[PDB]
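Data from run.csv: CSV, C-alpha atoms
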chain,number,residue,atom,x,y,z
U,1,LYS,CA,0.0,0.0,0.0
U,2,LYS,CA,1.2,3.5,0.7
U,3,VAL,CA,4.9,3.1,1.5
U,4,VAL,CA,6.4,6.5,2.1
U,5,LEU,CA,9.9,7.1,3.4
U,6,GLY,CA,11.1,9.8,5.7
U,7,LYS,CA,14.2,11.3,7.3
U,8,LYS,CA,15.1,11.4,11.0
U,9,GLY,CA,14.0,14.6,12.6
U,10,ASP,CA,12.7,15.7,9.2
U,11,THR,CA,8.9,15.6,8.7
U,12,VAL,CA,6.5,13.9,6.3
U,13,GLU,CA,3.0,14.2,5.1
U,14,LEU,CA,0.5,11.4,5.0
U,15,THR,CA,-2.2,11.8,2.5
U,16,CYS,CA,-5.8,11.0,3.0
U,17,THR,CA,-8.8,12.3,1.2
U,18,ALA,CA,-11.8,10.7,-0.3
U,19,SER,CA,-14.8,11.8,-2.5
U,20,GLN,CA,-17.5,13.9,-0.7
U,21,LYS,CA,-14.7,16.5,-0.1
U,22,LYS,CA,-16.6,18.2,2.8
U,23,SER,CA,-15.4,18.6,6.4
U,24,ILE,CA,-16.2,15.1,7.7
U,25,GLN,CA,-15.0,12.8,10.5
U,26,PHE,CA,-11.7,11.0,10.1
U,27,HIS,CA,-9.1,9.4,12.3
U,28,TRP,CA,-5.6,8.3,12.0
U,29,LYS,CA,-4.7,5.2,13.9
U,30,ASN,CA,-1.6,3.0,13.7
U,31,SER,CA,-1.5,-0.7,13.3
U,32,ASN,CA,-2.0,-0.8,17.1
U,33,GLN,CA,-5.4,0.7,16.7
U,34,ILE,CA,-4.3,3.7,18.6
U,35,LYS,CA,-5.7,7.1,17.5
U,36,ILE,CA,-2.9,9.4,16.4
U,37,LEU,CA,-5.2,12.4,16.0
U,38,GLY,CA,-8.8,13.0,15.1
U,39,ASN,CA,-11.5,15.6,14.7
U,40,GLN,CA,-14.7,17.0,16.1
U,41,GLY,CA,-15.5,20.1,14.0
U,42,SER,CA,-12.8,22.7,13.8
U,43,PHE,CA,-11.5,21.3,17.0
U,44,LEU,CA,-8.5,19.1,16.1
U,45,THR,CA,-7.6,16.3,18.5
U,46,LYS,CA,-4.8,13.8,19.1
U,47,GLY,CA,-4.3,10.6,21.0
U,48,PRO,CA,-2.4,9.0,24.0
U,49,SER,CA,-0.1,7.4,21.5
U,50,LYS,CA,3.7,8.1,21.7
U,51,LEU,CA,3.2,10.2,18.5
U,52,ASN,CA,1.0,12.7,20.3
U,53,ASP,CA,2.4,16.3,20.2
U,54,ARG,CA,4.4,15.8,17.1
U,55,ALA,CA,1.4,14.9,14.9
U,56,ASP,CA,-0.8,17.5,13.2
U,57,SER,CA,-3.4,17.9,10.5
U,58,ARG,CA,-4.2,20.9,8.3
U,59,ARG,CA,-7.6,22.2,9.3
U,60,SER,CA,-7.7,24.5,6.3
U,61,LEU,CA,-7.1,21.7,3.9
U,62,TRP,CA,-9.8,19.9,5.9
U,63,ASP,CA,-12.6,21.7,4.2
U,64,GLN,CA,-11.3,20.4,0.8
U,65,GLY,CA,-11.4,16.7,1.7
U,66,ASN,CA,-7.8,16.3,3.0
U,67,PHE,CA,-7.5,15.0,6.5
U,68,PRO,CA,-3.6,15.1,6.2
U,69,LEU,CA,-1.2,13.8,8.8
U,70,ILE,CA,1.9,15.8,9.5
U,71,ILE,CA,4.6,14.2,11.7
U,72,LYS,CA,7.3,16.6,12.9
U,73,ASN,CA,10.6,15.6,14.5
U,74,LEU,CA,10.6,12.1,13.0
U,75,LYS,CA,11.5,9.5,15.5
U,76,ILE,CA,13.1,6.4,13.9
U,77,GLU,CA,10.6,4.4,15.9
U,78,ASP,CA,7.7,6.1,14.0
U,79,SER,CA,8.1,3.4,11.3
U,80,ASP,CA,4.7,1.8,11.3
U,81,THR,CA,1.5,1.2,9.2
U,82,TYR,CA,-0.9,4.0,10.0
U,83,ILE,CA,-4.5,3.9,8.8
U,84,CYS,CA,-6.7,6.8,7.9
U,85,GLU,CA,-10.3,5.7,8.7
U,86,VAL,CA,-12.3,8.2,6.7
U,87,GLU,CA,-16.1,8.1,6.0
U,88,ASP,CA,-16.5,4.2,5.3
U,89,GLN,CA,-13.0,3.0,4.1
U,90,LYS,CA,-9.4,2.5,5.3
U,91,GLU,CA,-6.1,3.8,4.0
U,92,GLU,CA,-3.0,1.7,4.9
U,93,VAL,CA,0.3,3.7,5.0
U,94,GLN,CA,3.6,2.4,6.1
U,95,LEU,CA,6.1,5.2,6.9
U,96,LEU,CA,9.6,3.8,6.9
U,97,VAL,CA,12.3,6.3,8.1
U,98,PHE,CA,16.0,6.2,7.5
U,99,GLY,CA,19.1,8.0,8.7
U,100,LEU,CA,22.5,8.1,6.8
U,101,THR,CA,25.4,9.1,9.0
U,102,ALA,CA,29.1,9.4,9.2
U,103,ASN,CA,30.7,8.8,12.7
U,104,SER,CA,34.3,9.9,11.8
U,105,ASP,CA,33.1,13.5,11.4
U,106,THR,CA,34.8,16.9,12.3
U,107,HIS,CA,37.9,18.1,10.5
U,108,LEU,CA,38.7,15.4,8.0
U,109,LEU,CA,42.1,15.6,6.4
U,110,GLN,CA,43.3,13.4,3.6
U,111,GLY,CA,43.3,9.6,3.6
U,112,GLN,CA,41.6,9.2,6.9
U,113,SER,CA,38.7,7.1,5.8
U,114,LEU,CA,35.1,8.2,5.8
U,115,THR,CA,32.4,5.8,7.1
U,116,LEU,CA,28.7,5.8,6.4
U,117,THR,CA,26.5,3.7,8.6
U,118,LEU,CA,22.7,3.7,8.3
U,119,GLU,CA,19.6,3.7,10.5
U,120,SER,CA,16.5,1.9,9.4
U,121,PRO,CA,13.3,0.2,10.8
U,122,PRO,CA,14.4,-3.1,12.3
U,123,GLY,CA,12.7,-5.0,9.6
U,124,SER,CA,13.3,-3.5,6.2
U,125,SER,CA,16.3,-3.3,4.0
U,126,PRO,CA,18.0,-0.3,2.5
U,127,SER,CA,20.8,0.1,-0.1
U,128,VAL,CA,22.9,3.1,-0.4
U,129,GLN,CA,24.4,4.7,-3.6
U,130,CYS,CA,26.6,7.5,-2.5
U,131,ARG,CA,27.1,9.7,-5.5
U,132,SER,CA,30.2,11.8,-5.0
U,133,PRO,CA,30.4,15.6,-5.6
U,134,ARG,CA,32.6,14.5,-8.4
U,135,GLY,CA,32.2,11.1,-10.0
U,136,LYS,CA,32.5,7.7,-8.4
U,137,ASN,CA,29.0,6.2,-7.8
U,138,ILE,CA,30.2,4.5,-4.6
U,139,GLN,CA,27.5,2.2,-3.3
U,140,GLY,CA,27.2,-0.3,-0.5
U,141,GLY,CA,24.8,-1.9,2.1
U,142,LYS,CA,23.6,-0.8,5.5
U,143,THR,CA,27.0,0.7,5.5
U,144,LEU,CA,29.5,2.0,3.0
U,145,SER,CA,32.7,3.9,3.7
U,146,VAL,CA,34.9,6.0,1.4
U,147,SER,CA,38.5,4.7,1.5
U,148,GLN,CA,41.1,7.4,1.7
U,149,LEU,CA,39.7,10.8,0.7
U,150,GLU,CA,41.5,12.6,-2.1
U,151,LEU,CA,41.0,16.3,-2.4
U,152,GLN,CA,38.4,16.4,-5.3
U,153,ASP,CA,36.0,14.4,-3.2
U,154,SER,CA,35.5,17.5,-1.1
U,155,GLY,CA,32.0,19.0,-1.0
U,156,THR,CA,28.5,17.7,-0.9
U,157,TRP,CA,27.7,14.1,-1.7
U,158,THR,CA,24.3,12.7,-2.4
U,159,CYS,CA,23.8,9.1,-1.0
U,160,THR,CA,20.5,7.5,-1.8
U,161,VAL,CA,18.7,5.1,0.6
U,162,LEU,CA,16.9,2.7,-1.7
U,163,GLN,CA,14.2,0.6,-0.2
U,164,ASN,CA,11.2,-0.7,-2.1
U,165,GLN,CA,10.2,0.9,-5.4
U,166,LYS,CA,10.7,4.1,-3.3
U,167,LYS,CA,14.1,5.7,-2.5
U,168,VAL,CA,15.2,8.5,-0.2
U,169,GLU,CA,18.1,10.8,-1.0
U,170,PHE,CA,20.6,12.1,1.6
U,171,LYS,CA,22.8,15.2,1.5
U,172,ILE,CA,25.9,14.7,3.5
U,173,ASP,CA,28.8,17.2,3.4
U,174,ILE,CA,32.4,16.0,3.2
U,175,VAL,CA,35.3,18.4,3.0
U,176,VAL,CA,38.9,17.0,2.8
U,177,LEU,CA,41.6,19.3,4.2
U,178,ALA,CA,44.9,18.9,2.5
U,179,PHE,CA,47.9,20.2,-1.6
U,180,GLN,CA,47.4,21.2,-5.2
U,181,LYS,CA,50.6,19.5,-6.5
U,182,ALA,CA,52.4,16.2,-6.3
U,183,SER,CA,56.0,16.6,-7.4
U,184,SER,CA,56.9,20.2,-7.9
U,185,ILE,CA,60.1,20.5,-9.8
U,186,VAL,CA,62.5,23.5,-10.4
U,187,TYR,CA,65.3,23.5,-12.9
U,188,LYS,CA,67.9,26.2,-12.2
U,189,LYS,CA,71.6,26.9,-12.6
U,190,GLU,CA,74.5,27.6,-10.2
U,191,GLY,CA,73.4,31.0,-9.1
U,192,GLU,CA,69.7,31.5,-10.0
U,193,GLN,CA,67.8,32.4,-6.9
U,194,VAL,CA,65.4,29.5,-6.4
U,195,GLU,CA,61.8,29.7,-5.3
U,196,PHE,CA,59.3,26.9,-4.4
U,197,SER,CA,55.6,27.0,-3.9
U,198,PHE,CA,52.9,24.7,-2.5
U,199,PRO,CA,49.4,26.2,-2.1
U,200,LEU,CA,46.3,24.9,-0.2
U,201,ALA,CA,42.6,26.1,-0.3
U,202,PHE,CA,42.0,28.8,2.4
U,203,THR,CA,40.2,27.4,5.6
U,204,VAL,CA,39.9,28.8,9.1
U,205,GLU,CA,39.8,26.7,12.4
U,206,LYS,CA,41.5,27.2,15.8
U,207,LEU,CA,45.0,26.2,17.0
U,208,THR,CA,45.7,24.2,13.8
U,209,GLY,CA,49.0,23.5,12.1
U,210,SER,CA,52.7,22.9,11.6
U,211,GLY,CA,55.2,20.5,10.1
U,212,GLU,CA,58.4,20.7,8.1
U,213,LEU,CA,60.2,20.0,4.9
U,214,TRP,CA,62.9,17.2,4.7
U,215,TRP,CA,65.6,17.1,2.0
U,216,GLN,CA,67.8,14.4,0.5
U,217,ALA,CA,70.7,16.3,-1.0
U,218,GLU,CA,72.4,14.5,-3.9
U,219,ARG,CA,75.3,12.4,-2.5
U,220,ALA,CA,75.4,14.5,0.7
U,221,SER,CA,73.7,11.8,2.7
U,222,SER,CA,74.2,14.5,5.4
U,223,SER,CA,70.4,14.4,6.0
U,224,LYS,CA,68.3,15.6,8.9
U,225,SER,CA,68.7,18.8,7.0
U,226,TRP,CA,65.5,20.9,7.2
U,227,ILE,CA,63.3,23.8,8.1
U,228,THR,CA,60.4,23.8,10.6
U,229,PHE,CA,57.2,25.9,10.5
U,230,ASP,CA,54.1,26.7,12.6
U,231,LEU,CA,51.0,28.1,11.0
U,232,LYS,CA,47.8,29.8,12.4
U,233,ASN,CA,45.3,31.4,10.0
U,234,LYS,CA,47.0,33.6,7.4
U,235,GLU,CA,50.1,33.5,9.6
U,236,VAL,CA,53.1,31.2,9.1
U,237,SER,CA,56.3,31.3,10.9
U,238,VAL,CA,59.4,29.2,11.1
U,239,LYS,CA,59.3,27.2,14.3
U,240,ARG,CA,63.1,27.0,14.2
U,241,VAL,CA,65.7,25.1,12.2
U,242,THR,CA,66.8,26.1,8.7
U,243,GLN,CA,70.5,26.4,9.1
U,244,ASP,CA,72.7,24.9,6.3
U,245,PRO,CA,71.5,27.2,3.5
U,246,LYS,CA,69.9,30.6,4.0
U,247,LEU,CA,66.3,29.4,3.2
U,248,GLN,CA,63.8,32.1,3.8
U,249,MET,CA,60.2,31.6,4.4
U,250,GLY,CA,57.1,33.9,4.2
U,251,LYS,CA,54.9,35.5,6.7
U,252,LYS,CA,52.0,34.8,4.4
U,253,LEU,CA,49.9,31.7,3.9
U,254,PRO,CA,50.8,31.0,0.3
U,255,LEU,CA,54.2,29.5,1.4
U,256,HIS,CA,57.3,30.3,-0.6
U,257,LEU,CA,60.3,28.2,0.3
U,258,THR,CA,63.0,30.5,-0.9
U,259,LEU,CA,66.5,29.4,-1.9
U,260,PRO,CA,68.9,32.4,-2.1
U,261,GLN,CA,71.4,31.2,-4.8
U,262,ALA,CA,70.9,27.9,-6.6
U,263,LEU,CA,74.3,26.5,-5.5
U,264,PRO,CA,75.1,23.0,-6.9
U,265,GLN,CA,74.9,21.0,-3.6
U,266,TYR,CA,71.3,22.0,-3.1
U,267,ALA,CA,70.0,19.5,-5.6
U,268,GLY,CA,67.8,16.5,-4.7
U,269,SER,CA,64.4,15.4,-3.5
U,270,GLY,CA,62.3,16.5,-0.6
U,271,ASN,CA,59.0,15.9,1.1
U,272,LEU,CA,57.1,18.9,2.6
U,273,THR,CA,54.8,17.3,5.2
U,274,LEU,CA,51.9,19.4,6.5
U,275,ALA,CA,49.8,18.3,9.5
U,276,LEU,CA,47.1,20.3,11.1
U,277,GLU,CA,44.0,19.2,13.1
U,278,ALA,CA,40.8,19.2,15.0
U,279,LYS,CA,41.0,15.6,14.0
U,280,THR,CA,44.5,15.6,12.5
U,281,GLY,CA,46.1,13.9,9.6
U,282,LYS,CA,49.3,14.8,7.6
U,283,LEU,CA,49.5,16.1,4.1
U,284,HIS,CA,52.5,15.5,1.9
U,285,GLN,CA,53.7,16.9,-1.4
U,286,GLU,CA,57.0,16.3,-3.1
U,287,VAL,CA,59.8,18.8,-3.9
U,288,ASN,CA,62.9,18.6,-6.1
U,289,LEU,CA,65.7,20.8,-7.3
U,290,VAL,CA,68.2,20.4,-10.2
U,291,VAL,CA,71.3,22.6,-10.9
U,292,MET,CA,73.4,23.3,-14.0
U,293,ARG,CA,76.9,24.7,-13.9
U,294,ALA,CA,78.5,26.0,-17.1
U,295,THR,CA,82.1,26.8,-16.4
U,296,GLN,CA,85.2,26.9,-18.7
U,297,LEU,CA,88.2,25.4,-16.8
U,298,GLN,CA,91.0,27.4,-18.4
U,299,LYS,CA,91.2,27.6,-22.2
U,300,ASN,CA,89.0,24.5,-22.1
U,301,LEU,CA,85.4,24.1,-20.8
U,302,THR,CA,82.8,21.9,-19.1
U,303,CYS,CA,79.3,22.0,-17.6
U,304,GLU,CA,77.2,19.7,-15.4
U,305,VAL,CA,73.7,19.2,-14.2
U,306,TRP,CA,73.2,18.0,-10.6
U,307,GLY,CA,70.1,16.7,-8.8
U,308,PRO,CA,67.1,14.6,-9.9
U,309,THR,CA,67.9,14.2,-13.6
U,310,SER,CA,66.3,11.5,-15.8
U,311,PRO,CA,68.3,8.6,-17.4
U,312,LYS,CA,66.2,9.6,-20.4
U,313,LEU,CA,67.6,13.2,-20.7
U,314,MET,CA,70.5,14.6,-22.7
U,315,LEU,CA,73.1,17.3,-22.2
U,316,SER,CA,74.7,19.3,-25.0
U,317,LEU,CA,77.2,22.0,-25.4
U,318,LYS,CA,77.4,24.1,-28.5
U,319,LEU,CA,78.5,27.6,-29.3
U,320,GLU,CA,75.0,28.5,-30.5
U,321,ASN,CA,76.2,29.5,-34.0
U,322,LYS,CA,76.8,26.0,-35.3
U,323,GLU,CA,75.1,22.7,-34.2
U,324,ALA,CA,76.1,20.1,-31.5
U,325,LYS,CA,79.6,20.6,-30.3
U,326,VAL,CA,79.0,17.6,-28.0
U,327,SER,CA,75.7,15.8,-27.4
U,328,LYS,CA,75.3,13.1,-24.7
U,329,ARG,CA,73.1,11.4,-22.1
U,330,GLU,CA,74.7,12.3,-18.7
U,331,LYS,CA,75.2,15.0,-16.1
U,332,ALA,CA,78.9,15.9,-16.5
U,333,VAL,CA,79.9,16.5,-20.1
U,334,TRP,CA,83.0,18.3,-21.3
U,335,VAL,CA,84.0,20.2,-24.4
U,336,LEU,CA,87.8,20.4,-24.6
U,337,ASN,CA,89.1,23.2,-26.9
U,338,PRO,CA,86.2,25.7,-27.4
U,339,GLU,CA,86.0,28.6,-30.0
U,340,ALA,CA,84.6,32.1,-29.4
U,341,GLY,CA,80.9,32.2,-29.2
U,342,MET,CA,78.3,32.6,-26.4
U,343,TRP,CA,78.0,28.9,-25.6
U,344,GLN,CA,74.8,27.2,-24.5
U,345,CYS,CA,74.6,24.2,-22.2
U,346,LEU,CA,71.4,22.2,-22.7
U,347,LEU,CA,69.5,19.7,-20.5
U,348,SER,CA,66.2,18.2,-21.8
U,349,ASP,CA,64.5,14.8,-22.4
U,350,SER,CA,62.6,13.8,-25.6
U,351,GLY,CA,62.9,17.3,-27.1
U,352,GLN,CA,61.7,20.3,-25.1
U,353,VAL,CA,64.5,22.2,-23.6
U,354,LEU,CA,64.8,21.9,-19.8
U,355,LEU,CA,68.0,23.7,-18.6
U,356,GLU,CA,69.8,26.4,-20.6
U,357,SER,CA,73.0,28.1,-19.3
U,358,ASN,CA,74.9,30.6,-21.4
U,359,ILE,CA,78.6,31.4,-21.3
U,360,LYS,CA,81.3,32.9,-23.6
U,361,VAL,CA,84.8,31.7,-24.9
U,362,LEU,CA,87.7,34.2,-25.4
U,363,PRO,CA,90.3,33.7,-28.3
Go ahead and express the file in the form of structure tokens.
Amino acid sequence: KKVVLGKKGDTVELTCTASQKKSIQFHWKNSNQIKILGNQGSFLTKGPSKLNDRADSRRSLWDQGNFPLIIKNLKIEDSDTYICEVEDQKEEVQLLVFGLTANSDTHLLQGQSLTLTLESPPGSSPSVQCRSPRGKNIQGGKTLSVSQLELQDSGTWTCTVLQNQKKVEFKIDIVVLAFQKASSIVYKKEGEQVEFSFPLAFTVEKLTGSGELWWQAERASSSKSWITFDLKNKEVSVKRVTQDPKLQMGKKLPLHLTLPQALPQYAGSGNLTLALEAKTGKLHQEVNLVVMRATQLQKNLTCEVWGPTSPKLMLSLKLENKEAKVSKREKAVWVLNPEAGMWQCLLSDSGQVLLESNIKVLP
């Protein structure tokens, strides 16, 4: 018969009319033959039933035949078969409520799984299809949880509680705190003042964040090298540490790990780990720096590219004028005996030029 679904604490309207359309007697009673609410002229009445003061009918709509049932603050335990005994007939209506919920709530950072358990009348079965704000029609049973949340899954989902040829949608909000880049990479040359940048997505919240960047300098296993920073709103500040090079950091939220001069030993990988809270987690985003050094020994020259280079790349040295004075696949090529010209050292891969460092020859 009439199988209408509802949401916890939400409300729902049970229909009930009939022909004759005039203000006539009617009475809503549940399968327990208890009278939810009834009438006696304009005077609307209710019953001893647990539903009591949360049930209501529209007296205005009464004149037009409806003897509607409005249940406010939906108690899960409202799931029953109500009957609207109108003028010589009975309307059977089963109202099955539901309640989609995530327990892992407040301040979700990356990865930290999301769980969606469901409430339902003891004896009926739901199915949940949680459509994401972006893609993935993730679905499950009386429970379905999202694995490790990745940025783009931030927003407003739309899980659907299917039950019967009826279905009830649910709007749960899930925002993933977290970076807008995986492996940032900067190609510079012995000297060029290096800059780095890793952005987020605004947010507020109380006492919330600090971490640090770790670096694996090439060859210089001399690790434990780092810089530590504490953040609060659009305020950032180095906790302490740095040392080694003169890395400067900003006072402003859009973080700029600055490297005064791109000296050769400052090449390698790095992980910038961020970790805030309310209900913590720790973000990560990769960092890498390469350096090129074009320098003529004496009357003879050489150039070299340090850092994270690919075994796919090439290096080349030519005097610009003419073609390849020396082409190769490595990080320390040499060109003995150069001729006058403003020479260009070239680092690439496939074709598009990566690193370019100019230098002249004398005689």
* Considering all atoms listed in the file, return as an MDAnalysis selection string whatever protein or nucleic-acid residues lie within 8 Å of residue 52 in chain U, sequence-local ones (same chain, fewer than 6 positions apart) excluded. => chainID U and resid 36:37 46
Could you write those residues out with C-alpha atoms, as a short mmCIF file (atom, residue, chain, number, x, y, z; two decimals), in the coordinates of the input?
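As a result, again.cif now contains:
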data_model
loop_
_atom_site.label_atom_id
_atom_site.label_comp_id
_atom_site.auth_asym_id
_atom_site.auth_seq_id
_atom_site.Cartn_x
_atom_site.Cartn_y
_atom_site.Cartn_z
CA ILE U 36 -2.90 9.40 16.40
CA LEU U 37 -5.20 12.40 16.00
CA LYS U 46 -4.80 13.80 19.10
#
* Quick one: everything within 12 Å of residue 122 in chain U, counting all atoms listed in the file, minus sequence neighbours fewer than 5 positions away in the same chain. Send it as a ChimeraX atom specification. => /U:76-80,96-98,142
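The space between CA of residue 60 in chain U and CA of residue 94 in chain U spans 24.8 Å.
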* Enter the distance from CA of residue 71 in chain U to CA of residue 12 in chain U, in Å, rounded to one decimal. =>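 Separation between CA of residue 71 in chain U and CA of residue 12 in chain U: 5.7 Å.
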Sorted by chain and rising residue number, list the residues of range 144-200 of chain U at most 8 Å from range 106-118 of chain U (counting all atoms listed in the file), each with its closest atom pair and distance in Å to one decimal, as a tab-separated table.
residue	atom	partner	partner_atom	distance
U:144	CA	U:116	CA	5.2
U:145	CA	U:115	CA	3.9
U:146	CA	U:114	CA	4.9
U:147	CA	U:113	CA	4.9
U:148	CA	U:111	CA	3.6
U:149	CA	U:111	CA	4.8
U:150	CA	U:110	CA	6.0
U:151	CA	U:110	CA	7.0
U:174	CA	U:108	CA	7.9
U:175	CA	U:108	CA	6.7
U:176	CA	U:109	CA	5.0
U:177	CA	U:109	CA	4.3
U:178	CA	U:109	CA	5.8
* To do: Kindly provide, as an MDAnalysis selection string, the polymer residues lying within 10 Å of (66.9, 29.8, -11.7), counting only C-alpha atoms and using the coordinates exactly as they appear in the file.
  => chainID U and resid 186:195 259 261:262 290:292 355:357
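Closest approach to residue 236 in chain U from the set U:212, U:277, U:304, U:85 is made by U:212, with distances taken over only C-alpha atoms.
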* Of the residues U:229, U:159, U:63, U:331, which is the one nearest to residue 101 in chain U, using all atoms listed in the file? ->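 Checking each of U:229, U:159, U:63, U:331 against residue 101 in chain U, counting all atoms listed in the file, the winner is U:159.
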